[PDB]
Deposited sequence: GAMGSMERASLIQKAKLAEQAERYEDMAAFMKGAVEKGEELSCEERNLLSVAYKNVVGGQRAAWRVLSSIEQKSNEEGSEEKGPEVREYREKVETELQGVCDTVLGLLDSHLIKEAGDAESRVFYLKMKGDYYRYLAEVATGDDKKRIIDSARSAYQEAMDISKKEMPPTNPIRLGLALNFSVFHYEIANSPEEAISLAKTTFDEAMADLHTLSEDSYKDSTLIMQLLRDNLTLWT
């Protein structure tokens, strides 16, 4: 496509330049172009890809919530609120579909087990985002749960309980149980278990990522504090 004539390494450079400029749509476009070169991503490249897209859909979700709340209080008139909400919703779905397509078409393979946990977590996250706006839907919920579950099973076996990706996966999966599948008890259990088992084996923390483990473990408590 539009990135096809550029060197892979330049695309990676420009992705980093866009991040510094806080141009996350450009950042995602550069990383997508790099993935389409056909080469497996390094750990660093995976996380650049995730940062870019998660930042783009994050703003779309925030926007969508603002309009959905207005639309909800409008129903208690004019079609303009629904129309604009629908416009932002259709946009959000386009980006989610763009990422999920990239995951099945290119990234999810064959590859190592850590690789697979990373991508499978993204699969569950972006399916969760589509479920947040869908109706008619539970097909999307099942595929979010299945992607999450496979990611959990692999990570329990292949990664220490303090690994930031493993901790982040459980955090997000717990939220999925709560806000999506309507299972607060399962959401609470998974978050308490995840936090407790990380403390039991606190010694597995890594010099290169212990700050990310500390933060996600506080977030697990923040959600528990929020759900009591």
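Regions of the deposited sequence not represented in the model = Sequence ranges with no C-alpha atoms are 77-81, 115, 143-144.
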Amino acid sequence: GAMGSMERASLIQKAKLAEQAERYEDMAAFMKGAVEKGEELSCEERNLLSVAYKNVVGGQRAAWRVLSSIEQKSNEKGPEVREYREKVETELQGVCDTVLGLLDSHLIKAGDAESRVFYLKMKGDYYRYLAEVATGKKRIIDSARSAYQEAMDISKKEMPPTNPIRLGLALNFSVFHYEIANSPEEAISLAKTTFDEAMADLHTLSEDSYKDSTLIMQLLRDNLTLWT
From here on, numbers count along this sequence of modelled residues.
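Rigid core (definition): largest C-alpha set, two forms, superposition within 1.5 Å.
Name the stretch, 10-18 or 200-208, whose C-alpha atoms sit farther from the shown form on average in 9 other deposited structures of this protein, taking the rigid core as the superposition reference.
-> Output: 200-208, the stretch lying farther off on average in 9 other deposited structures of this protein.
Find out whether the coordinates of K137 are absent in at least a third of the other compared PDB entries of the same protein.
-> No: coordinates for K137 present in every compared entry.
Is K77 a gap in at least one third of the other compared entries?
-> Yes, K77 lacks coordinates in at least a third of the other entries compared.
Looking at the entry, does 166-174 or 185-193 show the higher mean C-alpha B-factor?
-> The recorded data point to 185-193.
Out of 51-59 and 195-203, which stretch has the higher average CA B-factor listed in the record?
-> Per the deposited B-factors, the answer is 195-203.
Highest Cα B-factor in the deposition, which of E158, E80, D97, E89?
-> If I rank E158, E80, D97, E89 by C-alpha B-factor, first place goes to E158.
Assigned third (lowest, middle, highest) for the C-alpha B factor of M31 | Tercile = lowest for this residue's CA B-factor.
Modelled-residue ranking by C-alpha temperature factor, third containing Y148 | Within its chain, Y148 is a highest-third residue by C-alpha B-factor, going by the deposited values.
Sorting the chain's modelled residues by C-alpha B-factor, tell me whether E45 ends up in the lowest, middle or highest third.
-> It belongs to the lowest third of the chain when residues are ordered by C-alpha B-factor.
By its CA B factor, does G124 count among the lowest, middle or highest third of the modelled residues in the chain?
-> Answer is lowest: the recorded C-alpha B-factor places it there.
Taking the entry's C-alpha B-factors for this chain, is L102 in the lowest, middle or highest third?
-> As the PDB entry reports it, the C-alpha B-factor of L102 lands in the middle third of its chain.
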